Amino acid sequence: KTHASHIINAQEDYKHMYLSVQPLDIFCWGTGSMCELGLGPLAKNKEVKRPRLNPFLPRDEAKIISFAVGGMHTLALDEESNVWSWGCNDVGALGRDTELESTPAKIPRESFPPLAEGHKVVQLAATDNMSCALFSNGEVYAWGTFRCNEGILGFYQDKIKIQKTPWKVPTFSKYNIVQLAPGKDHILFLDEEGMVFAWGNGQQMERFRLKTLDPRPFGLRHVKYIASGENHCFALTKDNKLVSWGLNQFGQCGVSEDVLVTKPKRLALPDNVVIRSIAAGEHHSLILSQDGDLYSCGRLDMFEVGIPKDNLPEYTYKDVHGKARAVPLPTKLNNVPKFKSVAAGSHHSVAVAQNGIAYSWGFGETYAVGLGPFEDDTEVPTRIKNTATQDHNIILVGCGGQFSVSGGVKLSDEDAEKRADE
Amino acid sequence: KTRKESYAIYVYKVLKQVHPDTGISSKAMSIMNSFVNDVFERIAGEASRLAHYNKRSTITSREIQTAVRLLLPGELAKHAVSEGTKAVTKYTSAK
Amino acid sequence: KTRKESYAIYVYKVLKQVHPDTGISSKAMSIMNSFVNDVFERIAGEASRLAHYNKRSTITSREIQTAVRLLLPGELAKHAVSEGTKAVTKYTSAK
Amino acid sequence: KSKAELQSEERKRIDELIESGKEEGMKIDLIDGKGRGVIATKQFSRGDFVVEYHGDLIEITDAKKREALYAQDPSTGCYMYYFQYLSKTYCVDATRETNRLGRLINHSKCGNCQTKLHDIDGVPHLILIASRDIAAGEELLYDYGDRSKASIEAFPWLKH
Amino acid sequence: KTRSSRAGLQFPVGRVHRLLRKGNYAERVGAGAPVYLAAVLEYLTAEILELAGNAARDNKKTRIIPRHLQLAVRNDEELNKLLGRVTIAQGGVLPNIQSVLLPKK
Amino acid sequence: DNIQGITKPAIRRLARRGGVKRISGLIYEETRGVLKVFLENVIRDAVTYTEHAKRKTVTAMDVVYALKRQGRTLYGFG
Amino acid sequence: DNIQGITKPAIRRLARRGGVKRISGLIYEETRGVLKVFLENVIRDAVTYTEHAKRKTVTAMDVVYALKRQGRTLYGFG
Amino acid sequence: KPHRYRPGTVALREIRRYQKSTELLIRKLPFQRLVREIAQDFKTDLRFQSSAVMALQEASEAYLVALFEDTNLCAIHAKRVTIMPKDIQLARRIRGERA
DNA sequence: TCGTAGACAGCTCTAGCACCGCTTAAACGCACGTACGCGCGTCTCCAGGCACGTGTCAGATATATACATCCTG
DNA sequence: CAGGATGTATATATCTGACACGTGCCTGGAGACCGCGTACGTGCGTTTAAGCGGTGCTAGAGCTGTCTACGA
DNA sequence: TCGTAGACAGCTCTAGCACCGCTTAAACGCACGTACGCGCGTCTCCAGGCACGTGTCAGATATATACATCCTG
DNA sequence: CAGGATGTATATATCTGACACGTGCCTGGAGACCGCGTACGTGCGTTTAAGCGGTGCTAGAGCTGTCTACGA
């Protein structure tokens, strides 16, 4: 038992930031042009200035426990469990045969045979056109096919290109893989030992003529959280380290006082802190503390960072003789609520407060923010409280390209009668 | 102690980009210097002669690549021919 | 008309000493220039490199012969090695 | 599917047919003024593999030799098939009487089968593929190739 | 400013511009000549390395042996030529046995 | 046709030039593939050598110097 | 003895290194003559290369550079 | 009948085995003799680096590996499985070491 | 003429040579038999690069499993 | 037709040393200008010596400063 | 900074390309059969060197000997 | 066992053109600093096109003078 005294991250230890207790009724937002919002074949059902709740996916008829955000891929896994699929089935992103592509349907149980052998899905992973499911037994499922830097189709190096049919992935690292890390075509698992593995491209270690898609490691030491955005990676060693190695075009790793990453460096934590969670996008990165105060860095051109003009940091990028360019320094601001967890996209930051209160600080021109008809960008966060989910206590936040996957359940007296405060 | 200007460091550095962990041997980490040796050499003479059999007393890129193409094998050539192109365009686009 | 400095004359002259009548061909009287070509060449580089792998920035006889020995085949080498020796001693003994 | 994926699937089906030696949807019948002829018992689509021209493989005169002895005895029919398999005359002499059907296929310039070289890891294999949709009952035919003046003088059916 | 910084290839392309001059390849040698060469050299150094990197992982754990390195160069049909007049030390043969050598019954 | 160009009474000719006692059946066009091969290997580097000086008319010395580099330096023209 | 030095379980060893299925009787010391030959060809030019710089201790790089010139450039040391 | 392996299987593994190792397959001390031997006929009273020494083995060791390799075809291509004397020679001519 | 590489006496010290008993791997010898051969450019500023020192993880190591594989009654 | 004797693929504890990264340093790089028959394989016993290191001796490679004859 | 090689438009003229009927050497086709595959640094002075022109002897040429050599009744 | 049909070694007349030597010229070099069986050979008839030259058209190699951007 040499491998026993070695594992430093557990499945249970990552249960907080994925699955929940009560079967929550889901929701949607933004322009789902690729039938991604999950509102049928209707052209009228595509547009959405503000929030909603699912007709084909009720809270008690589907039992939606675990979700999965993404650009043209929005899937889910119940406690049963199930394999709900709402995405652009072009690169095999649905994971089935199906328009019915915009009709949320559970993928059959015969597809994955660990559900026919005592096991359940820990989390649902969704890249730009990728899919994979870290099963509890140890083996990892798969689906879809990643879009390359040049721009072409590949699944498992050269033995598979488009993986529409969902299949298990073979042995990669003996220690069972704990969590996942989506974003871009850049899937980045984490072993039981703490061996930051990596499949797809991860372009922003380096190579040519394929043969890299299918692997595998390496880098890092013993990372507990692997937290991937689109073209920005995030890692943290069990020895309380903070790293981020990716395409730092607009300081998306926060390891540069000046405005790509060679070998992981990132964070300078003063005094003490514990990062509860983190997530990012193409030019918009964020990690939150255990106390409550946030710590995000990104660009300041698309309004990805929520710090509207007046609240502009000293260590921030500019143009030659123009407007503010970027914010590569962390900070959670002062005028900001008790954020519990987080979710991110291209530049549409769907946050989540301690009272379940939504606050969309990003580019809401395609109504990803979800604050009615307004073409401008959300320069700071936006307290959302409409007819459907004003009272309803929010659970699992989400974001993709032009979307923001809402959800939860209707609240009781314990909400209004306790949080009547104003 | 005369300074042995070995590709050791440089040979090591380019390893990291391709592969981070690890990883070499002493015998091989010499073998690398003799892959850098034979190329730097073989390349320079299909560069040198090129200049003589095209009458120009200065080895430009004009030659270096022409050899490079003429010296590297089929698919590899176009690759490094591309990577030169790149390092050619970046060298020109500097401050 | 750029002047083609061909060994033709010189190639002809050395024929006379060895054999007076006659006697060559056009195709061959080129073949001779390409025996003078490959030697003058091959010789210069085991001369050139010699200097590099014995660190001296000037090709003396020191090298030229060392190559000459190292480059010519067995009995022939000692012969031309002798004929050099000769043309070495006569060059020094001039006015 | 791409052009490469369809060619690989077409090659894997042709390799399995050459390995098994299956000659299904084909039966021998006595054609009027041609000795033995091959006729279809089932409908063969355009591009479908019919049957391999099976026999004894060998070099250039390594088939044109039993020629100089098979001219010494006229009864044994001309069943040699020469071909250029990668710069070198590689053939398949089917003079010996066997149960294979490719050697009994008759000649026609506008028939319903074309002869092609099918390589399988270095070893050449003459295969007969349907040029058009072959109807059930109709005779399988292919262009023999020998349009020479000496051969056409002895048997005039080679022309048509 | 380092020229290798500028052009963006690792293996010092000032040592290429300076090896060239006093290497006696020719009289003159343009700035790019070292550069394009440097990048010729490194697109090799790299294309080479990783073949080992993938292979050395495969057989061994992390670090490349010599007989790993050449265990690569034999197998890449392109390099197989490049390093077809060479003799990489400690290599040994990428194994093969003739068809008329293995068992038969 | 081109490869048909290297015709039997010439392969043979070329082969009797090394005392070939008898050419076998297949052996003949094998020479065409080879002579192709050899042609191929060569003309390419040579044209490539014409390229590196921008000649649309390919030189003889280009053929030669390339015929050298390959490894069988021919003498005469050059 | 020297040529006796290259001994049977080593010729063989060296020969199994190319999949030699069976070494015949005569074949063995033929390797000694060859390995002599090869040794011979080499050490000579090499020593000759030590000579042209006056070293009484023969360099490794001398072996190498000579091991190059011959035609089988070895890599590693050099 | 004690335990035994039919003639061929053993040395076939010898291939498996010897084709696996990067282990210079002919004794060092022995070659240093042969090494120093051919020295004499070159230049009497000489020294050589132990480093250098190895290479000399290395190459001719390697040289031999492939020239025995190439030699395998020489009898493979002669209706033979077992490599005799001529076989070794034939290869020398196709290399042009002699002819 | 004249800048300077080469000759060369002088000197530090790496590294090649001879030593030499000993555990033992390996070369050697031999009997049995069956697969197999064989016949039928220049002055100046300075940081990139290398020699030096130092800590440890990749890998050599070894007892110890389990495993694929070859072969006669 | 098949189960048991060989020895190869595989697993994991454990010490060792070379890979790898830090540092003062100094010079090179930067900047402005089918069948008879015997030969060779397989396996075990006898025996030679390779490999091991421990180490003292010093040849001779390597570096330096000086004088001066070589060659552009 | 600055000496100058390289870019480049401009221009002489060698030499490569397409033409095209015709004597005929040669590629092609085929029948017979037997040997053989196959299985059993710089300024200056100047003459050495090259492009050009011109006469003829080495050699290609061809009718015509004599000769060595291969093969069946 | 041997003399006669093939075609190669050999001899000598005879025209042709490339080898070879003279000349004005100009730049580079010198000077001072065993047996079944079929594949391929041999030889003669049919037939394709290579080789021949006669020659007009002009692509494009080769050379020159000028302006200027390259690299030591």
# chains A, B, ... in the order shown; residues from 1 in each chain; ligands from 1

call {"tool": "calpha_fit_and_write", "arguments": {"fixed": "chain C", "moving": "chain B", "output": "compact mmCIF listing (two decimals) with N, CA and C atoms, in the first residue's frame"}}
result
# COMPACT_ATOMS: atom_id res chain seq x y z
N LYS B 1 32.59 39.25 -72.05
CA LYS B 1 32.98 37.81 -71.86
C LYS B 1 33.85 37.62 -70.62
N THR B 2 33.21 37.29 -69.49
CA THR B 2 33.91 37.04 -68.22
C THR B 2 34.95 35.93 -68.40
N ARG B 3 36.14 36.15 -67.84
CA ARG B 3 37.29 35.26 -68.06
C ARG B 3 37.17 33.97 -67.24
N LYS B 4 36.98 32.85 -67.94
CA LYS B 4 36.91 31.51 -67.32
C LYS B 4 38.32 30.97 -67.04
N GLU B 5 38.81 31.21 -65.82
CA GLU B 5 40.16 30.77 -65.40
C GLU B 5 40.23 29.26 -65.22
N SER B 6 40.35 28.55 -66.34
CA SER B 6 40.33 27.09 -66.40
C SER B 6 41.73 26.52 -66.35
N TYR B 7 41.88 25.38 -65.67
CA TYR B 7 43.16 24.67 -65.61
C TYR B 7 43.62 24.11 -66.97
N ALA B 8 42.79 24.25 -68.01
CA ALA B 8 43.08 23.83 -69.40
C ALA B 8 44.55 23.90 -69.84
N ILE B 9 45.11 25.11 -69.80
CA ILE B 9 46.49 25.33 -70.14
C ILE B 9 47.33 24.49 -69.18
N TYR B 10 47.17 24.73 -67.88
CA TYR B 10 48.00 24.08 -66.87
C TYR B 10 47.83 22.56 -66.94
N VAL B 11 46.59 22.10 -67.06
CA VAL B 11 46.27 20.69 -67.26
C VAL B 11 46.97 20.09 -68.48
N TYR B 12 47.06 20.88 -69.55
CA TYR B 12 47.77 20.50 -70.78
C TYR B 12 49.28 20.41 -70.54
N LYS B 13 49.84 21.46 -69.96
CA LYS B 13 51.28 21.56 -69.72
C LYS B 13 51.82 20.31 -69.02
N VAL B 14 51.21 19.94 -67.89
CA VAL B 14 51.69 18.78 -67.12
C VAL B 14 51.58 17.45 -67.86
N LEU B 15 50.72 17.40 -68.89
CA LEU B 15 50.65 16.26 -69.80
C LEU B 15 51.96 16.06 -70.55
N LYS B 16 52.46 17.14 -71.15
CA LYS B 16 53.72 17.13 -71.92
C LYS B 16 54.91 16.46 -71.19
N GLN B 17 55.12 16.84 -69.92
CA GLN B 17 56.22 16.30 -69.11
C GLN B 17 56.12 14.79 -68.95
N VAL B 18 54.90 14.31 -68.68
CA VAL B 18 54.65 12.89 -68.50
C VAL B 18 54.62 12.16 -69.83
N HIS B 19 54.00 12.79 -70.82
CA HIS B 19 53.87 12.21 -72.14
C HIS B 19 53.89 13.34 -73.16
N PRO B 20 54.80 13.28 -74.17
CA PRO B 20 54.92 14.40 -75.13
C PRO B 20 53.88 14.38 -76.27
N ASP B 21 53.76 13.23 -76.93
CA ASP B 21 52.72 12.96 -77.91
C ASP B 21 51.68 12.01 -77.25
N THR B 22 50.40 12.40 -77.12
CA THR B 22 49.88 13.74 -77.43
C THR B 22 49.44 14.45 -76.12
N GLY B 23 48.18 14.34 -75.66
CA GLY B 23 47.06 13.70 -76.35
C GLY B 23 45.85 13.56 -75.44
N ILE B 24 44.73 14.20 -75.81
CA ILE B 24 43.55 14.27 -74.94
C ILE B 24 42.25 14.25 -75.74
N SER B 25 41.13 14.41 -75.03
CA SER B 25 39.80 14.63 -75.64
C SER B 25 39.15 15.84 -74.97
N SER B 26 38.07 16.35 -75.56
CA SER B 26 37.36 17.52 -75.02
C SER B 26 36.62 17.16 -73.75
N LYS B 27 35.82 16.09 -73.83
CA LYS B 27 35.12 15.53 -72.67
C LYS B 27 36.08 15.24 -71.51
N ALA B 28 37.22 14.61 -71.82
CA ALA B 28 38.24 14.30 -70.82
C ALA B 28 38.98 15.55 -70.33
N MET B 29 39.35 16.44 -71.25
CA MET B 29 40.03 17.67 -70.89
C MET B 29 39.16 18.58 -70.04
N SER B 30 37.88 18.21 -69.88
CA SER B 30 37.04 18.70 -68.78
C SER B 30 37.18 17.82 -67.52
N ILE B 31 37.12 16.51 -67.74
CA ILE B 31 37.34 15.52 -66.68
C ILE B 31 38.59 15.80 -65.85
N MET B 32 39.62 16.33 -66.48
CA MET B 32 40.83 16.71 -65.77
C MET B 32 40.56 17.87 -64.81
N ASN B 33 39.88 18.91 -65.31
CA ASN B 33 39.54 20.06 -64.49
C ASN B 33 38.70 19.64 -63.26
N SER B 34 37.86 18.60 -63.41
CA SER B 34 37.09 18.04 -62.27
C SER B 34 37.84 16.98 -61.39
N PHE B 35 39.09 16.67 -61.75
CA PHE B 35 40.06 15.99 -60.85
C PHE B 35 40.85 17.03 -60.08
N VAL B 36 41.22 18.12 -60.76
CA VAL B 36 41.75 19.31 -60.10
C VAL B 36 40.74 20.02 -59.20
N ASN B 37 39.45 19.92 -59.53
CA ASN B 37 38.41 20.57 -58.76
C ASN B 37 38.21 19.85 -57.42
N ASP B 38 37.87 18.56 -57.48
CA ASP B 38 37.56 17.78 -56.27
C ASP B 38 38.72 17.68 -55.27
N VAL B 39 39.96 17.70 -55.77
CA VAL B 39 41.15 17.61 -54.93
C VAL B 39 41.39 18.95 -54.23
N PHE B 40 41.48 20.02 -55.03
CA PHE B 40 41.68 21.41 -54.53
C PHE B 40 40.68 21.73 -53.47
N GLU B 41 39.47 21.26 -53.73
CA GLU B 41 38.41 21.29 -52.76
C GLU B 41 38.52 20.38 -51.53
N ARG B 42 38.48 19.07 -51.74
CA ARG B 42 38.53 18.15 -50.63
C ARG B 42 39.73 18.47 -49.73
N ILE B 43 40.88 18.77 -50.35
CA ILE B 43 42.13 19.12 -49.64
C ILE B 43 42.02 20.35 -48.73
N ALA B 44 41.37 21.40 -49.24
CA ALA B 44 41.22 22.66 -48.52
C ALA B 44 40.44 22.57 -47.20
N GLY B 45 39.59 21.55 -47.05
CA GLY B 45 38.65 21.43 -45.90
C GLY B 45 39.12 20.55 -44.76
N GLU B 46 39.86 19.51 -45.11
CA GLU B 46 40.71 18.83 -44.16
C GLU B 46 41.96 19.69 -43.85
N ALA B 47 42.21 20.70 -44.69
CA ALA B 47 43.10 21.79 -44.32
C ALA B 47 42.40 22.82 -43.41
N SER B 48 41.20 23.26 -43.80
CA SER B 48 40.46 24.31 -43.08
C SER B 48 40.16 23.88 -41.67
N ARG B 49 39.45 22.76 -41.55
CA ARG B 49 39.02 22.19 -40.26
C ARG B 49 40.20 21.90 -39.34
N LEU B 50 41.26 21.34 -39.92
CA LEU B 50 42.51 21.09 -39.21
C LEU B 50 42.87 22.30 -38.38
N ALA B 51 42.86 23.46 -39.03
CA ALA B 51 43.18 24.73 -38.37
C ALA B 51 42.24 25.02 -37.19
N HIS B 52 40.95 24.73 -37.38
CA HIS B 52 39.93 24.92 -36.33
C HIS B 52 40.08 23.95 -35.17
N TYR B 53 40.25 22.66 -35.48
CA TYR B 53 40.50 21.62 -34.46
C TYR B 53 42.00 21.49 -34.10
N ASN B 54 42.83 22.44 -34.53
CA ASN B 54 44.12 22.71 -33.89
C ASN B 54 44.37 24.22 -33.72
N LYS B 55 43.29 24.99 -33.55
CA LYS B 55 43.30 26.41 -33.17
C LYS B 55 44.40 27.34 -33.68
N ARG B 56 44.44 27.52 -35.00
CA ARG B 56 45.40 28.43 -35.63
C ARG B 56 44.73 29.12 -36.81
N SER B 57 44.56 30.44 -36.76
CA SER B 57 43.79 31.17 -37.78
C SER B 57 44.59 31.46 -39.09
N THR B 58 45.27 30.46 -39.64
CA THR B 58 46.05 30.64 -40.89
C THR B 58 46.53 29.25 -41.32
N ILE B 59 46.18 28.87 -42.54
CA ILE B 59 46.52 27.57 -43.13
C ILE B 59 47.95 27.56 -43.65
N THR B 60 48.84 27.00 -42.85
CA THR B 60 50.22 26.79 -43.27
C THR B 60 50.33 25.52 -44.08
N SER B 61 51.53 25.27 -44.59
CA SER B 61 51.89 23.95 -45.09
C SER B 61 51.63 22.90 -44.00
N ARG B 62 51.95 23.29 -42.75
CA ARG B 62 51.66 22.51 -41.53
C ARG B 62 50.40 21.68 -41.63
N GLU B 63 49.33 22.34 -42.05
CA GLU B 63 48.07 21.67 -42.30
C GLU B 63 48.08 20.96 -43.66
N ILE B 64 48.38 21.73 -44.72
CA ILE B 64 48.13 21.32 -46.12
C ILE B 64 48.61 19.92 -46.41
N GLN B 65 49.83 19.64 -45.97
CA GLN B 65 50.41 18.32 -46.07
C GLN B 65 49.73 17.33 -45.12
N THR B 66 49.56 17.72 -43.85
CA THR B 66 48.92 16.85 -42.84
C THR B 66 47.62 16.26 -43.40
N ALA B 67 46.81 17.13 -44.01
CA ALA B 67 45.64 16.72 -44.79
C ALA B 67 46.09 15.83 -45.93
N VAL B 68 46.99 16.35 -46.76
CA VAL B 68 47.54 15.64 -47.91
C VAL B 68 47.89 14.20 -47.64
N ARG B 69 48.54 14.00 -46.50
CA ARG B 69 48.81 12.66 -46.01
C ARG B 69 47.49 12.02 -45.59
N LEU B 70 46.74 12.73 -44.74
CA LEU B 70 45.47 12.24 -44.23
C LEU B 70 44.39 12.02 -45.30
N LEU B 71 44.55 12.67 -46.46
CA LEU B 71 43.58 12.64 -47.57
C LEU B 71 43.96 11.70 -48.74
N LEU B 72 45.24 11.70 -49.13
CA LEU B 72 45.70 10.82 -50.22
C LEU B 72 45.72 9.38 -49.74
N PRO B 73 45.54 8.42 -50.66
CA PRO B 73 45.70 6.99 -50.36
C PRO B 73 47.17 6.58 -50.11
N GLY B 74 47.38 5.37 -49.59
CA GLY B 74 48.68 4.93 -49.03
C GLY B 74 50.09 5.16 -49.57
N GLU B 75 50.36 4.61 -50.75
CA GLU B 75 51.65 4.80 -51.45
C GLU B 75 51.70 6.14 -52.19
N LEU B 76 50.58 6.52 -52.81
CA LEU B 76 50.43 7.81 -53.48
C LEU B 76 50.76 8.98 -52.57
N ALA B 77 50.24 8.93 -51.34
CA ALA B 77 50.44 9.99 -50.34
C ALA B 77 51.92 10.29 -50.10
N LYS B 78 52.67 9.25 -49.73
CA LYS B 78 54.12 9.35 -49.52
C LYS B 78 54.85 9.91 -50.74
N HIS B 79 54.37 9.54 -51.93
CA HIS B 79 54.87 10.07 -53.20
C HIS B 79 54.67 11.59 -53.30
N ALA B 80 53.42 12.04 -53.32
CA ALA B 80 53.11 13.47 -53.38
C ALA B 80 53.58 14.21 -52.14
N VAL B 81 53.54 13.52 -51.00
CA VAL B 81 54.18 13.98 -49.78
C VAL B 81 55.68 14.24 -50.03
N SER B 82 56.32 13.36 -50.80
CA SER B 82 57.70 13.58 -51.24
C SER B 82 57.80 14.75 -52.22
N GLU B 83 56.93 14.78 -53.23
CA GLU B 83 56.94 15.84 -54.26
C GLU B 83 56.67 17.24 -53.70
N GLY B 84 55.85 17.31 -52.65
CA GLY B 84 55.67 18.53 -51.88
C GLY B 84 56.98 18.90 -51.21
N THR B 85 57.46 18.01 -50.35
CA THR B 85 58.76 18.14 -49.71
C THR B 85 59.73 18.81 -50.68
N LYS B 86 59.83 18.23 -51.87
CA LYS B 86 60.64 18.79 -52.96
C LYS B 86 60.25 20.24 -53.26
N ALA B 87 59.02 20.46 -53.71
CA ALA B 87 58.56 21.81 -54.05
C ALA B 87 58.56 22.76 -52.84
N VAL B 88 58.57 22.18 -51.64
CA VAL B 88 58.81 22.92 -50.40
C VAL B 88 60.26 23.39 -50.30
N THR B 89 61.21 22.47 -50.51
CA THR B 89 62.65 22.78 -50.43
C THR B 89 63.14 23.73 -51.53
N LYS B 90 62.58 23.59 -52.74
CA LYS B 90 62.92 24.45 -53.88
C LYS B 90 62.36 25.86 -53.72
N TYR B 91 61.13 25.97 -53.20
CA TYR B 91 60.51 27.27 -52.92
C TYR B 91 61.31 28.10 -51.92
N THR B 92 61.87 27.44 -50.91
CA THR B 92 62.73 28.07 -49.91
C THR B 92 64.11 28.45 -50.45
N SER B 93 64.64 27.63 -51.36
CA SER B 93 65.98 27.83 -51.93
C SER B 93 66.04 28.79 -53.14
N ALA B 94 65.00 29.58 -53.37
CA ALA B 94 64.97 30.55 -54.48
C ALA B 94 65.67 31.85 -54.10
N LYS B 95 65.92 32.68 -55.12
CA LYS B 95 66.66 33.94 -54.95
C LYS B 95 65.80 35.03 -54.31

call {"tool": "closest_atom_pairs", "arguments": {"of": "chain F", "to": "chain L", "cutoff": "10 Å", "atoms": "only C-alpha atoms (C1' of nucleotides)", "output": "tab-separated table"}}
result
residue	atom	partner	partner_atom	distance
F:22	CA	L:40	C1'	8.1
F:23	CA	L:40	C1'	8.3
F:24	CA	L:40	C1'	7.1
F:25	CA	L:40	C1'	7.7
F:55	CA	L:61	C1'	7.9
F:56	CA	L:60	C1'	7.6
F:57	CA	L:61	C1'	7.6
F:59	CA	L:61	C1'	10.0

call {"tool": "write_last_selection", "arguments": {"atoms": "N, CA, C and O atoms", "output": "CSV table (one decimal), in the first residue's frame"}}
result
chain,number,residue,atom,x,y,z
F,22,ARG,N,21.5,-12.5,-67.4
F,22,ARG,CA,20.1,-12.6,-67.8
F,22,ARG,C,19.1,-11.8,-66.9
F,22,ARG,O,19.2,-11.9,-65.7
F,23,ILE,N,18.4,-10.9,-67.6
F,23,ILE,CA,17.3,-10.1,-66.9
F,23,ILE,C,16.1,-10.9,-66.8
F,23,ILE,O,15.6,-11.5,-67.8
F,24,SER,N,15.5,-11.0,-65.6
F,24,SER,CA,14.3,-11.7,-65.4
F,24,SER,C,13.1,-10.9,-65.8
F,24,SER,O,13.3,-9.7,-66.1
F,25,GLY,N,11.9,-11.4,-65.7
F,25,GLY,CA,10.7,-10.8,-66.2
F,25,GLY,C,10.3,-9.6,-65.5
F,25,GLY,O,10.3,-8.5,-66.1
F,55,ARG,N,17.2,30.9,-61.4
F,55,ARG,CA,17.3,30.5,-62.8
F,55,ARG,C,16.1,29.8,-63.3
F,55,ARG,O,15.7,28.8,-62.6
F,56,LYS,N,15.4,30.3,-64.4
F,56,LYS,CA,14.3,29.5,-65.0
F,56,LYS,C,14.9,28.5,-66.0
F,56,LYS,O,14.3,27.4,-66.2
F,57,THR,N,16.1,28.7,-66.5
F,57,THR,CA,16.9,27.7,-67.2
F,57,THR,C,17.8,27.1,-66.2
F,57,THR,O,18.7,27.8,-65.6
F,59,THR,N,20.9,25.1,-64.8
F,59,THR,CA,22.3,25.0,-65.2
F,59,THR,C,22.8,23.5,-65.3
F,59,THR,O,22.2,22.6,-64.6

call {"tool": "residues_around", "arguments": {"residues": "region 170-183 of chain A", "least_positions_apart": "5", "cutoff": "7 Å", "atoms": "only C-alpha atoms (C1' of nucleotides)", "output": "PyMOL selection string"}}
result
chain A and resi 9-11+14+125-128+134+138+188-193+215-216+226-230

call {"tool": "residues_around", "arguments": {"residues": "residue 105 (chain D)", "least_positions_apart": "6", "cutoff": "7 Å", "atoms": "only C-alpha atoms (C1' of nucleotides)", "output": "PyMOL selection string"}}
result
chain D and resi 37-38+140-141

call {"tool": "residues_around", "arguments": {"residues": "residue 25 (chain I)", "least_positions_apart": "5", "cutoff": "12 Å", "atoms": "only C-alpha atoms (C1' of nucleotides)", "output": "VMD selection string"}}
result
(chain H and resid 27) or (chain J and resid 48 to 52)

call {"tool": "write_last_selection", "arguments": {"atoms": "C-alpha atoms (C1' of nucleotides)", "output": "PDB file, in the first residue's frame"}}
result
ATOM      1  CA  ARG H  27      34.685  -6.760 -22.797  1.00  0.00           C
TER       2      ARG H  27
ATOM      3  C1'  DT J  48      40.324 -18.562 -17.271  1.00  0.00           C
ATOM      4  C1'  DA J  49      40.523 -13.761 -16.259  1.00  0.00           C
ATOM      5  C1'  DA J  50      37.535  -9.594 -16.570  1.00  0.00           C
ATOM      6  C1'  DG J  51      36.058  -6.416 -13.317  1.00  0.00           C
ATOM      7  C1'  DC J  52      36.827  -4.511  -9.138  1.00  0.00           C
TER       8       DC J  52
END

call {"tool": "atom_distance", "arguments": {"atom1": "CA of residue 87 (chain D)", "atom2": "CA of residue 73 (chain H)"}}
result
23.1 Å

call {"tool": "decode", "arguments": {"residues": "region 104-110 of chain D", "atoms": "N, CA and C atoms", "output": "PDB file, in the first residue's frame"}}
result
ATOM      1  N   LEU D 104     -13.244 -17.639 -65.151  1.00  0.00           N
ATOM      2  CA  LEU D 104     -14.298 -18.009 -66.114  1.00  0.00           C
ATOM      3  C   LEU D 104     -15.137 -16.828 -66.645  1.00  0.00           C
ATOM      4  N   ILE D 105     -14.784 -15.594 -66.269  1.00  0.00           N
ATOM      5  CA  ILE D 105     -15.509 -14.394 -66.711  1.00  0.00           C
ATOM      6  C   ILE D 105     -15.161 -14.029 -68.156  1.00  0.00           C
ATOM      7  N   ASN D 106     -16.190 -13.840 -68.984  1.00  0.00           N
ATOM      8  CA  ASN D 106     -16.025 -13.599 -70.425  1.00  0.00           C
ATOM      9  C   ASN D 106     -15.611 -12.162 -70.774  1.00  0.00           C
ATOM     10  N   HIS D 107     -15.319 -11.941 -72.058  1.00  0.00           N
ATOM     11  CA  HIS D 107     -14.809 -10.660 -72.557  1.00  0.00           C
ATOM     12  C   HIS D 107     -15.914  -9.777 -73.150  1.00  0.00           C
ATOM     13  N   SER D 108     -15.837  -8.478 -72.868  1.00  0.00           N
ATOM     14  CA  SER D 108     -16.693  -7.472 -73.507  1.00  0.00           C
ATOM     15  C   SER D 108     -16.124  -6.068 -73.269  1.00  0.00           C
ATOM     16  N   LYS D 109     -15.954  -5.292 -74.344  1.00  0.00           N
ATOM     17  CA  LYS D 109     -15.390  -3.933 -74.259  1.00  0.00           C
ATOM     18  C   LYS D 109     -16.314  -2.948 -73.530  1.00  0.00           C
ATOM     19  N   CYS D 110     -17.628  -3.153 -73.669  1.00  0.00           N
ATOM     20  CA  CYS D 110     -18.656  -2.393 -72.939  1.00  0.00           C
ATOM     21  C   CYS D 110     -19.471  -3.331 -72.035  1.00  0.00           C
TER      22      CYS D 110
END
